[PDB]
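A short worksheet on the structure shown next.
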Amino acid sequence: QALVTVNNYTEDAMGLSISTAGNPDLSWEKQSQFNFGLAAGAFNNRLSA
Amino acid sequence: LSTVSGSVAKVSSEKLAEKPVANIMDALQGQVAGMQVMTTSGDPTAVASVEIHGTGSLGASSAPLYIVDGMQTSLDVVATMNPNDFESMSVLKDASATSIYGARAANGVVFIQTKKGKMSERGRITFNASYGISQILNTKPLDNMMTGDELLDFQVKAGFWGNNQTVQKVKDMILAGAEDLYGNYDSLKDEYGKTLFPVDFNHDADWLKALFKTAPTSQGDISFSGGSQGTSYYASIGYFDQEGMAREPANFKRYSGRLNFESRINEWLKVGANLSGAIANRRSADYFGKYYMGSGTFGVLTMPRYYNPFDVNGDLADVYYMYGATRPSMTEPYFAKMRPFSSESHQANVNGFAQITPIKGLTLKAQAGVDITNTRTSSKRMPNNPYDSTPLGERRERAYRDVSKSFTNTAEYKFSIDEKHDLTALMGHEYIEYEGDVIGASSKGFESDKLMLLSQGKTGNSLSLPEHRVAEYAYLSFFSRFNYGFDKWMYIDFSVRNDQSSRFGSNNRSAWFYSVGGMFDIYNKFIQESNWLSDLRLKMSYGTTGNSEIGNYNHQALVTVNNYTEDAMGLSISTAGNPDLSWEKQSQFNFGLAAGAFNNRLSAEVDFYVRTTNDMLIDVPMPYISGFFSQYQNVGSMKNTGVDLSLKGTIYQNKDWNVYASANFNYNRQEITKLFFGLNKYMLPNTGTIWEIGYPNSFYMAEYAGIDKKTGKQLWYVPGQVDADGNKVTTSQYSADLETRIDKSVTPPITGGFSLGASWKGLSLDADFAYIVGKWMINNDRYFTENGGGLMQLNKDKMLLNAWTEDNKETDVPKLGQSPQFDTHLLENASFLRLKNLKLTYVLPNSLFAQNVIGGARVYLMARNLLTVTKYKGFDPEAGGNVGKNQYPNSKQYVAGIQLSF
Amino acid sequence: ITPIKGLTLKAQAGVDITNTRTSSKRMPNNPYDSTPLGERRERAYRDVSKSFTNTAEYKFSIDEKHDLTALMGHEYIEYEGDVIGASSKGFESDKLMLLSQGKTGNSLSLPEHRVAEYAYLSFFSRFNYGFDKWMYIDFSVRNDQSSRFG
Amino acid sequence: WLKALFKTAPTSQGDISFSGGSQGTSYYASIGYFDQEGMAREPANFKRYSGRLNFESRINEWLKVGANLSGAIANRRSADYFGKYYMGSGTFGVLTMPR
Amino acid sequence: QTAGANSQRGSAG
Amino acid sequence: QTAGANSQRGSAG
Amino acid sequence: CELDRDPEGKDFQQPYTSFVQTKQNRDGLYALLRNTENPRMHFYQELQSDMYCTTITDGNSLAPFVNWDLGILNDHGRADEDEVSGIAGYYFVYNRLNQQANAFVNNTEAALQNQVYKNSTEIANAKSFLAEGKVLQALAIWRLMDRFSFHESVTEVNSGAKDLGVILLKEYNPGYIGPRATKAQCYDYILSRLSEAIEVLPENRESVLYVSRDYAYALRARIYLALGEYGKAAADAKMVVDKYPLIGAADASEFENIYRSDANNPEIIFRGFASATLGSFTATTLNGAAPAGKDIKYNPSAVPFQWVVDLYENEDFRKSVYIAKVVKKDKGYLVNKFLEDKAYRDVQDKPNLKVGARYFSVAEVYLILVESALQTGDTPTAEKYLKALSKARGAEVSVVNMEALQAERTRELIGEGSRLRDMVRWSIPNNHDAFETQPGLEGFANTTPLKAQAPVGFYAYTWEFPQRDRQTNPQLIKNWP
Amino acid sequence: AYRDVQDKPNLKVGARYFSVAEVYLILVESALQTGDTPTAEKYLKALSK
Ligand SMILES: CCCCCCCCCCCCO[C@@H]1O[C@H](CO)[C@@H](O[C@H]2O[C@H](CO)[C@@H](O)[C@H](O)[C@H]2O)[C@H](O)[C@H]1O
Ligand SMILES: CCCCCCCCOCCOCCOCCOCCO
Ligand SMILES: CCCCCCCCOCCOCCOCCOCCO
């Protein structure tokens with residue numbers, strides 16, 4: 001959102017100041033992950049890797 | 001739960017489940033002999049007051065101790081619990097039964113046990129849901145009030161509008177004044193005469209509609225219950241919303257949960273917990289009971305009908321008008337929009353118990369629990385409202401914290417010295433502790449509804465001090481209770497306990513109490529087994545109890561902040577102090593008799609009791625010369641002698657028909673036996689009540705005698721003064737000297753109820769009545785409605801059209817121009833019989849789920865407070881003690897509901 | 001709820017609630033302070049994080065040598081949180097330190113007030129295939145929306 | 001100046017569990033205590049009083065329910081000068097204070 | 001607050 | 001705050 | 001297990017063991033005074049005079065005093081944790097001032113005795129705080145005497161109360177319940193407290209916010225005038241009357257800006273601390289004033305009779321500040337003496353109608369002196385000061401001759417609760433039923449006849465002791481027959 | 001005027017943006033750089049006096 005907020009100069013009236021720049025197209029950050037794995041175990045199952 | 005020599009009544013799940021008000025105690029009005037339940041306002045957020053066997057104190061509190069599964073719980077916190085989880089509620093009425101409880105056992109003890117699991121192979125899941133409405137239960141006060149035309153002509157003749165005037169001249173002026181006012185608002189100056197007709201002498205505005213509405217109540221439920229092999233469980237989630245029928249918003253909303261479990265973990269250990277919680281929204285209508293123009297039922301009668309708060313569409317306008325106003329007045333719905341309020345209370349009740357049985361007869365039980373309330377409330381004054389006195393808005397935020405802890409540890413040894421002699425010994429330690437908290441902050445000068453964080457208010461002269469209150473109390477107790485069993489017919493049990501409290505000083509805070517109890521099974525020693533009689537037991541109790549239910553810091557001679565300047569601190573004397581302040585001591589004798597007949601097809605029990613109060617905590621009123629209002633002292637004494645009786649029979653019972661009924665009664669004579677400083681009487685100023693030795697708290701006022709038919713002046717009897725044989729003196733000169741004790745009690749002496757029930761093959765009807773007989777009440781509304789000598793801008797009763805005149809002397813209405821006095825003519829009989837509950841219920845037959853999921857279903861129609869019987873001329877004879885005052889009348893309700901079982 | 005073989009419908013719901021009170025003081029009459037006037041600040045924090053997850057899972061064996069598992073799911077999480085705080089100063093005594101008892105005028109101050117909320121709405125799926133008992137394939141698609149974007 | 005600003009601090013915790021079940025109904029209860037005192041003399045600590053009730057049950061052939069309830073009373077304090085450079089404060093002051 | 005006279009709650013308070 | 005130079009954080013922050 | 005719980009935000013009563021503790025208790029007393037000698041608390045007796053009629057707007061709040069509804073006046077008011085108003089409230093806040101002043105007076109006396117102060121300067125200030133406490137005792141007991149004891153002119157009373165004063169409790173004693181002292185005991189206590197304070201207090205006032213010797217003389221000149229001791233009243237007046245200059249203004253709005261300003265009004269001898277955020281209050285009983293954005297709008301429940309309006313020459317500055325033509329827009333007069341100190345507004349744009357508690361302005365010392373000087377044959381001093389005050393206000397009186405003193409005093413003191421007292425002293429019955437209501441206000445301010453007549457000597461000019469005191473104290477002899 | 005309690009310094013000030021003594025020193029400096037030593041004499045001796 002592009003925002004304004006209270007920023008009072010005197011005590012008898014309200015004052016506004018721009019608070020944020022904004023970005024209307026803000027959306028998800030999108031990640032991908034390729035993963036290649038190898039499980040194993042040896043000697044009955046007395047040694048996993 | 002308690003003892004066999006005790007006065008005890010048990011109400012089961014039926015009378016608690018699924019009533020359409022949050023105020024659980026109201027379901028017990030007229031259900032328990034000697035227990036007087038009364039709710040003085042129909043605001044859904046109001047809570048019932050309860051008195052067991054009269055009032056015990058003129059200063060301390062009459063409220064019973066409320067206890068849920070062995071945890072002292074406030075009614076406010078009971079209100080956040082789903083009552084469909086309540087297996088039963090036990091009312092403990094005499095000293096022998098209230099022995100293992102303290103703090104204020106002298107008021108009796110209301111014990112609530114929640115449901116427990118039923119150890120079955122298939123668990124029991126049951127769903128409930130209900131929808132219904134609330135509407136004001138009595139509109140009779142509206143019937144004899146003046147019309148628009150009657151009021152305007154009454155006023156004009158009475159001289160209220162000037163002496164030189166007519167009906168038409170006045171309506172021109174009021175019309176001119178509305179048009180002129182509304183023409184100062186860009187939001188009205190083009191609506192006046194098109195959409196807003198605030199003044200209208202050719203139609204009467206319906207001020208009942210303007211201030212009251214039909215409001216919905218909905219609630220729904222799903223329970224889980226079962227268990228297996230020592231482990232048990234009952235779980236439940238539920239919803240409840242009840243809206244207030246006044247247009248001033250008021251509601252009670254609750255989203256609730258409970259998990260009860262327990263398990264025999266091994267041969268010696270059983271453990272368990274009764275967990276419950278809620279999110280709760282509670283909103284009060286905070287103008288009722290005060291006299292505000294156009295507000296509440298007071299305004300429903302006293303608003304002139306020629307003022308109109310609706311628009312051309314029959315919805316309320318934002319604003320309305322009265323002559324002379326320089327700002328139009330806001331209606332309820334609009335005021336509510338400009339004054340939003342929310343409150344969200346988080347309520348957690350965590351507890352557990354261990355039950356260790358190390359040898360035969362030895363049960364050691366330690367139990368501990370905390371009830372936590374965190375409540376946030378937000379309140380606004382909306383900015384830029386043209387009908388407000390500032391465009392600047394305001395906002396107030398509040399955080400409430402209530403922490404209340406309990407630990408109760410008991411050892412119980414059950415052994416028999418032979419087989420015709422039985423003994424059980426019990427000893428206990430109880431610690432209770434409460435710490436409570438509220439902080440509040442507020443800001444103002446807001447110029448935009450989108451910019452209303454407290455941090456965004458104006459600084460400087462718009463700033464304000466925060467709110468802050470703190471409160472603490474604590475109860476240390478050690479107690480004991482023994483039971484003896486001769487043969488199978490003579491039972492004696494005895495108890496002694498010591499109680500110490502936060503609320504008294506170190507050298508006065510500890511008190512010893514005891515009780516002796518007897519039960520004698522006349523039937524099973526001296527009647528063998530017989531024909532008609534099934535049961536006969538004699539019961540008797542003498543014992544003492546404490547009441548300490550006063551404020552938390554009432555003995556200290558205190559000083560407080562009271563600043564003069566902004567640069568240095570000011571100190572001022574805050575309290576008077578009373579270092580001896582200590583316990584109120586109550587003793588009670590009880591003589592009971594219970595019987596069963598035919599074969600306990602007719603049950604009955606009647607009890608006689610003398611309840612005495614010494615070192616009575618009176619918040620003694622002090623002369624204003626003292627510079628204080630009151631200081632608590634142990635000064636008074638009071639007596640409550642009464643009887644309560646109760647019977648229950650099965651009337652007719654076929655193979656396919658079953659009718660039953662029940663009824664209870666109490667009569668209770670109160671008597672002040674000692675007041676303070678040797679005073680024989682003390683009239684409570686501006687209440688119309690008096691304390692006087694030898695009598696109950698009684699009303700106290702002049703006796704109105706009528707009018708002198710030749711003057712039109714009001715007349716009062718001169719009390720204790722008489723004439724020839726035409727006797728009772730009268731005077732047209734009112735003076736307080738004419739006031740005298742009236743023989744009507746301020747607390748009603750008679751308290752009973754009765755229930756009728758019939759079931760004919762799956763269909764069932766159930767009626768539940770309650771009555772309060774002997775109730776009297778000053779109808780304060782009628783000081784205004786029947787006033788011929790003041791508040792002449794208000795709508796009055798039609799009777800004033802017949803007021804006395806030199807040309808209309810054959811009347812009892814007094815000549816206009818004289819104020820009423822608070823005498824017997826306002827003292828109304830508020831006794832009443834209410835049909836509290838009427839439930840037609842159809843249990844779907846087993847034959848339809850023949851289908852391995854649904855087990856059964858029920859549907860029901862139900863009404864609450866369908867019928868009232870009373871002579872009271874105000875809206876609600878129950879909506880008050882002492883004085884009836886702009887009441888938020890109790891509600892009638894209509895509800896349809898369905899139950900499912902799997 | 002398991003209504004037919006393989007089919008499992010799980011409804012799950014929870015709310016986590018935090019209520020916190022903090023209390024802070026500047027003790028009066030400290031000789032080693034810049035001023036003998038004391039100060040006090042009180043704060044109340046609230047966090048309500050609600051969450052509902054609703055899933056339907058269907059497992060069925062279609063061959064002895066072919067097991068398929070399908071799961072549709074719905075999920076809504078939302079959070080409201082705030083804090084408020086007030087503070088007072090100019091106390092001249094240890095025993096008289098309620099916020100209501102501060103000096104007024106130039107000793108006053110605005111309260112503290114922050115509010116935060118967010119929510120998420122989710123629809124998701126997960127599929128599990130199993131030929132013989134050596135080759136397994138998982139496949140997932142889901143959609144997410146968040147209050148944190150327009 | 002090390003001992004001027006850091007101390008040995010105690011850490012203590014207790015615990016009791018209940019667990020078991022019969023015929024398709026399980027439970028797990030717990031209450032516990034935990035206090036970890038901050039070793040910087042600047043006070044800091046985490047105290048908690050825990051409760052947990054875990055529950056699960058097969059009611060009938062087609063329905064199984066459960067709850068995993070937990071709660072706590074917790075006391076958090078933090079030493080709020082660390083990571084900043086104030087004379088006399090923190091491990092910074094332990095080294096940099098004239099002896 | 002048009003109270004011509006309201007009795008205050010005696011025994012109700 | 002007698003700091004002649006603290007780098008503020010980043011990665012840490 | 002410790003069961004002790006004491007309330008946060010409160011401390012225990014303890015004897016004064018330090019000068020700082022003494023000063024704090026002194027201030028707390030002056031905070032009490034601020035809500036005691038308060039204009040709100042004197043509006044009831046202002047309305048009971050012959051100056052007002054009730055309007056169609058009144059909600060029977062003002063009618064009992066305005067129309068003499070004795071059935072309401074008898075036990076009028078409240079003092080409780082929720083409201084302290086009316087005759088009861090008046091009676092309570094002055095007794096509490098007394099009880100709490102008693103405690104300050106006796107505790108400073110014990111502290112001087114026990115020599116708990118640290119040097120010769122603390123000792124002399126405590127001796128002054130002592131004197132200050134005495135003046136407040138005097139003011140409390142006299143304001144009770146002024147409404148609750150009969151004057152000499154009363155006809156029928158209840159048997160014995162014609163020369164009773166008030167219950168005169170001289171020590172801090174909450175539990176005390178005793179009979180009424182005689183009038184002589186009361187007035188001699190009030191005057192001996194005052195005279196002891198005049199010997200100790202300095203000649204020049206330290207602060208407008210604290211009791212001064214100037215105030216004590218001013219308060220004793222008031223009390224002497226109320227007792228008909230003119231030569232003594234005049235003598236006290238002359239000590240103070242020249243010490244405070246009358247407001248100099250060239251036109252009414254210049255008068256208003258000075259007058260309504262607590263801080264700049266040089267006539268104020270002794271006021272209570274007020275800021276927007278402590279010590280200021282709305283006092284809208286008379287005018288019925290309400291903010292409306294940047295403007296003030298009015299809907300009064302009581303407005304002066306027409307004769308009160310004609311009291312003021314149309315150029316009298318008070319004709320626009322003390323009373324103001326702002327009923328029904330601009331069609332009649334209400335009493336506007338208490339409209340506002342603008343300094344107490346939250347936002348300067350926005351009226352919030354707050355004033356402060358003033359305890360004596362020098363104009364009252366002019367009238368006290370003029371009346372006494374007239375009564376003692378000292379017509380030059382009466383001529384000077386009535387011509388001086390009336391001229392400063394924009395309408396110098398032509399004749400100086402008691403009749404104008406009555407006119408001028410009434411003009412100056414409207415709203416301050418004097419005219420009832422003046423009716424009794426000047427032997428004026430309440431001629432309410434014969435007064436013309438303001439003509440431009442008809443339909444709004446109409447005629448309401450007295451529910452009871454108030455001839456000269458009528459007992460109800462003195463209030464009855466509150467019911468609470470009557471019911472709780474069988475030794476209390478009541479005022480009304 | 002910006003103290004919380006009149007007794008107690010809190011050493012608060014406000015933002016000042018221009019005061020005529022700086023205007024005097026601009027005028028005196030410029031008057032000297034342009035020959036108007038009359039103006040420079042007058043204003044510099046005024047400020048310094
Ligand atoms: C194996 C079985 C277990 C046995 C355990 C029994 C333990 C018994 C210990 C009792 C002693 C505890 O002592 C008691 O502690 C509680 C809280 O715990 C204090 O409680 C209170 O104290 C003061 C009074 O405002 C405050 O500081 C505090 O916030 C408040 O909670 C009591 O004032 C103290 O006297
Ligand atoms: C060593 C003893 C262990 C005792 C610990 C018990 C823990 C109890 O704390 C629970 C705190 O819950 C407060 C939550 O606030 C309200 C939440 O209500 C939820 C409503 O659904
Ligand atoms: C043996 C002691 C166990 C203590 C555990 C306490 C856990 C804290 O819970 C917070 C309290 O809220 C209780 C609400 O219960 C929810 C019930 O709803 C479950 C229905 O499925």
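Quick note on naming: the chains in the structure tokens go A, B, ... in the order shown, residues restart at 1 in each chain, and ligands are numbered from 1 in order of appearance.
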Identify, on the basis of only C-alpha atoms, every residue whose closest approach to residue B:168 does not exceed 12 Å; exclude the query and any residue fewer than 5 positions from it along the same chain; express the result as number ranges by chain. B: 149, 152-153, 156, 161, 173-175, 201
Restricting the output to C-alpha atoms, write the selected residues as an mmCIF file, in the first residue's frame.
```
data_model
loop_
_atom_site.group_PDB
_atom_site.id
_atom_site.type_symbol
_atom_site.label_atom_id
_atom_site.label_comp_id
_atom_site.auth_asym_id
_atom_site.auth_seq_id
_atom_site.Cartn_x
_atom_site.Cartn_y
_atom_site.Cartn_z
ATOM 1 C CA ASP B 149 -53.254 15.431 20.663
ATOM 2 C CA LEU B 152 -50.462 18.960 23.540
ATOM 3 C CA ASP B 153 -53.878 20.207 24.723
ATOM 4 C CA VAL B 156 -51.424 24.192 26.730
ATOM 5 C CA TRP B 161 -46.370 26.815 26.909
ATOM 6 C CA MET B 173 -43.759 27.170 17.130
ATOM 7 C CA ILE B 174 -42.551 23.575 17.565
ATOM 8 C CA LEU B 175 -42.739 23.070 13.783
ATOM 9 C CA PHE B 201 -49.243 16.221 15.311
#
```
Show me, as JSON lines, the residues of chain C having an atom within 12 Å of ligand 3, each with the closest atom pair and its distance in Å, using only C-alpha atoms and all ligand atoms.
```
{"residue": "C:11", "atom": "CA", "partner": "ligand 3", "partner_atom_place_in_ligand_line": "21 (O)", "distance": 11.2}
{"residue": "C:12", "atom": "CA", "partner": "ligand 3", "partner_atom_place_in_ligand_line": "21 (O)", "distance": 9.6}
{"residue": "C:13", "atom": "CA", "partner": "ligand 3", "partner_atom_place_in_ligand_line": "21 (O)", "distance": 9.2}
{"residue": "C:14", "atom": "CA", "partner": "ligand 3", "partner_atom_place_in_ligand_line": "18 (O)", "distance": 9.4}
{"residue": "C:15", "atom": "CA", "partner": "ligand 3", "partner_atom_place_in_ligand_line": "16 (C)", "distance": 10.1}
{"residue": "C:16", "atom": "CA", "partner": "ligand 3", "partner_atom_place_in_ligand_line": "10 (C)", "distance": 9.4}
{"residue": "C:17", "atom": "CA", "partner": "ligand 3", "partner_atom_place_in_ligand_line": "10 (C)", "distance": 9.2}
{"residue": "C:18", "atom": "CA", "partner": "ligand 3", "partner_atom_place_in_ligand_line": "10 (C)", "distance": 11.0}
```
Take chain E, superimpose it onto chain F by least squares using every C-alpha atom paired in sequence order, and output the result as a PDB file with N, CA, C and O atoms, in the first residue's frame.
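Below you can see selection_11.pdb, which holds the result:
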```pdb
ATOM      1  N   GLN E   1      26.549   6.978  24.270  1.00  0.00           N
ATOM      2  CA  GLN E   1      26.757   5.712  23.577  1.00  0.00           C
ATOM      3  C   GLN E   1      28.077   5.721  22.792  1.00  0.00           C
ATOM      4  O   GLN E   1      28.097   5.929  21.566  1.00  0.00           O
ATOM      5  N   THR E   2      29.187   5.496  23.506  1.00  0.00           N
ATOM      6  CA  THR E   2      30.506   5.540  22.882  1.00  0.00           C
ATOM      7  C   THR E   2      30.589   4.530  21.753  1.00  0.00           C
ATOM      8  O   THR E   2      31.173   3.454  21.909  1.00  0.00           O
ATOM      9  N   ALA E   3      30.006   4.855  20.625  1.00  0.00           N
ATOM     10  CA  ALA E   3      30.251   4.113  19.408  1.00  0.00           C
ATOM     11  C   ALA E   3      31.199   5.005  18.633  1.00  0.00           C
ATOM     12  O   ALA E   3      30.812   6.076  18.163  1.00  0.00           O
ATOM     13  N   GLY E   4      32.472   4.620  18.604  1.00  0.00           N
ATOM     14  CA  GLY E   4      33.381   5.250  17.677  1.00  0.00           C
ATOM     15  C   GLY E   4      32.995   4.906  16.274  1.00  0.00           C
ATOM     16  O   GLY E   4      33.152   5.722  15.359  1.00  0.00           O
ATOM     17  N   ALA E   5      32.414   3.728  16.112  1.00  0.00           N
ATOM     18  CA  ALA E   5      31.938   3.185  14.862  1.00  0.00           C
ATOM     19  C   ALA E   5      31.596   1.733  15.144  1.00  0.00           C
ATOM     20  O   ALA E   5      32.490   0.912  15.386  1.00  0.00           O
ATOM     21  N   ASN E   6      30.313   1.408  15.166  1.00  0.00           N
ATOM     22  CA  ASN E   6      29.894   0.023  15.060  1.00  0.00           C
ATOM     23  C   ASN E   6      29.291  -0.204  13.671  1.00  0.00           C
ATOM     24  O   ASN E   6      28.373   0.516  13.249  1.00  0.00           O
ATOM     25  N   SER E   7      29.882  -1.142  12.929  1.00  0.00           N
ATOM     26  CA  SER E   7      29.216  -1.721  11.775  1.00  0.00           C
ATOM     27  C   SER E   7      27.831  -2.178  12.204  1.00  0.00           C
ATOM     28  O   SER E   7      27.663  -2.793  13.256  1.00  0.00           O
ATOM     29  N   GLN E   8      26.827  -1.861  11.418  1.00  0.00           N
ATOM     30  CA  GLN E   8      25.542  -2.447  11.721  1.00  0.00           C
ATOM     31  C   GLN E   8      25.485  -3.859  11.146  1.00  0.00           C
ATOM     32  O   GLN E   8      26.086  -4.155  10.114  1.00  0.00           O
ATOM     33  N   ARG E   9      24.794  -4.739  11.857  1.00  0.00           N
ATOM     34  CA  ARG E   9      24.569  -6.111  11.425  1.00  0.00           C
ATOM     35  C   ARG E   9      24.037  -6.138   9.987  1.00  0.00           C
ATOM     36  O   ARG E   9      23.021  -5.520   9.660  1.00  0.00           O
ATOM     37  N   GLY E  10      24.805  -6.756   9.100  1.00  0.00           N
ATOM     38  CA  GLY E  10      24.477  -6.816   7.692  1.00  0.00           C
ATOM     39  C   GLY E  10      23.549  -7.973   7.443  1.00  0.00           C
ATOM     40  O   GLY E  10      22.326  -7.818   7.400  1.00  0.00           O
ATOM     41  N   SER E  11      24.144  -9.151   7.288  1.00  0.00           N
ATOM     42  CA  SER E  11      23.397 -10.404   7.252  1.00  0.00           C
ATOM     43  C   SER E  11      23.570 -11.024   8.609  1.00  0.00           C
ATOM     44  O   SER E  11      24.502 -11.791   8.842  1.00  0.00           O
ATOM     45  N   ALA E  12      22.664 -10.685   9.494  1.00  0.00           N
ATOM     46  CA  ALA E  12      22.540 -11.204  10.834  1.00  0.00           C
ATOM     47  C   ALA E  12      21.210 -10.603  11.221  1.00  0.00           C
ATOM     48  O   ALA E  12      20.427 -11.174  11.983  1.00  0.00           O
ATOM     49  N   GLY E  13      20.958  -9.437  10.633  1.00  0.00           N
ATOM     50  CA  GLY E  13      19.659  -8.807  10.649  1.00  0.00           C
ATOM     51  C   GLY E  13      18.838  -9.209   9.438  1.00  0.00           C
ATOM     52  O   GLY E  13      19.357  -9.722   8.440  1.00  0.00           O
TER      53      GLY E  13
END
```
Non-local contacts of stretch 12-19 of chain D (6 Å; only C-alpha atoms; under 6 positions in same chain excluded) as a ChimeraX atom specification: /D:27-35
Using only C-alpha atoms, find the one residue out of B:874, B:649, B:299, B:148 that sits nearest to chain E.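 Nearest candidate to chain E out of B:874, B:649, B:299, B:148: B:299.
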Surrounding residues of residue B:891 excluding itself and chain neighbours under 5 positions, 10 Å, only C-alpha atoms, as number ranges by chain: B: 21, 41-44, 133-138, 214, 244-245, 864-866, 876
Run DSSP on the backbone and grab whatever in chain D lands in alpha helix (DSSP H); send it over as JSON, numbers by chain. {"D": [2, 3, 4, 5, 90, 91, 92, 93, 94, 95, 96]}
Selected residues written out, N, CA and C atoms, as a PDB file, in the first residue's frame:
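Resulting contents of part19.pdb:
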```pdb
ATOM      1  N   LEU D   2      34.796  -8.344  34.754  1.00  0.00           N
ATOM      2  CA  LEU D   2      34.053  -9.541  34.388  1.00  0.00           C
ATOM      3  C   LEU D   2      33.044  -9.890  35.467  1.00  0.00           C
ATOM      4  N   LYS D   3      33.528 -10.132  36.688  1.00  0.00           N
ATOM      5  CA  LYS D   3      32.620 -10.420  37.790  1.00  0.00           C
ATOM      6  C   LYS D   3      31.707  -9.237  38.111  1.00  0.00           C
ATOM      7  N   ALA D   4      32.126  -8.013  37.798  1.00  0.00           N
ATOM      8  CA  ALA D   4      31.248  -6.867  37.995  1.00  0.00           C
ATOM      9  C   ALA D   4      29.988  -6.960  37.147  1.00  0.00           C
ATOM     10  N   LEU D   5      30.053  -7.629  35.987  1.00  0.00           N
ATOM     11  CA  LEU D   5      28.932  -7.642  35.056  1.00  0.00           C
ATOM     12  C   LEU D   5      28.407  -9.018  34.674  1.00  0.00           C
ATOM     13  N   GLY D  90      28.035  -4.811  29.338  1.00  0.00           N
ATOM     14  CA  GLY D  90      28.241  -6.007  28.553  1.00  0.00           C
ATOM     15  C   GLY D  90      29.668  -6.491  28.511  1.00  0.00           C
ATOM     16  N   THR D  91      29.877  -7.514  27.679  1.00  0.00           N
ATOM     17  CA  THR D  91      31.234  -8.008  27.480  1.00  0.00           C
ATOM     18  C   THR D  91      32.132  -6.903  26.959  1.00  0.00           C
ATOM     19  N   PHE D  92      31.559  -5.944  26.239  1.00  0.00           N
ATOM     20  CA  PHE D  92      32.307  -4.758  25.852  1.00  0.00           C
ATOM     21  C   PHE D  92      32.879  -4.046  27.071  1.00  0.00           C
ATOM     22  N   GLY D  93      32.044  -3.806  28.085  1.00  0.00           N
ATOM     23  CA  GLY D  93      32.516  -3.113  29.271  1.00  0.00           C
ATOM     24  C   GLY D  93      33.465  -3.958  30.096  1.00  0.00           C
ATOM     25  N   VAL D  94      33.232  -5.271  30.134  1.00  0.00           N
ATOM     26  CA  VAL D  94      34.153  -6.177  30.814  1.00  0.00           C
ATOM     27  C   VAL D  94      35.580  -5.956  30.335  1.00  0.00           C
ATOM     28  N   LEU D  95      35.763  -5.775  29.026  1.00  0.00           N
ATOM     29  CA  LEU D  95      37.093  -5.514  28.496  1.00  0.00           C
ATOM     30  C   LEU D  95      37.478  -4.047  28.630  1.00  0.00           C
ATOM     31  N   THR D  96      36.568  -3.123  28.354  1.00  0.00           N
ATOM     32  CA  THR D  96      37.005  -1.752  28.114  1.00  0.00           C
ATOM     33  C   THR D  96      36.981  -0.861  29.342  1.00  0.00           C
TER      34      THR D  96
END
```
I'd like the neighbourhood of residue C:129 as a PyMOL selection string, where a residue qualifies if any of its atoms comes within 12 Å (using only C-alpha atoms), though same-chain residues fewer than 2 positions away should be ignored. chain C and resi 58-63+65-71+126-127+131-140
Enumerate residues in contact with ligand 2: an atom-to-atom distance of at most 6 Å, counting only C-alpha atoms and all ligand atoms. Format the result as a ChimeraX atom specification. /B:277-279,346-348,350,372 /C:17 /D:31-33,49-51,71-73
Å distance separating atom CA of residue C:100 from atom CA of residue C:86, one decimal place: 10.1 Å
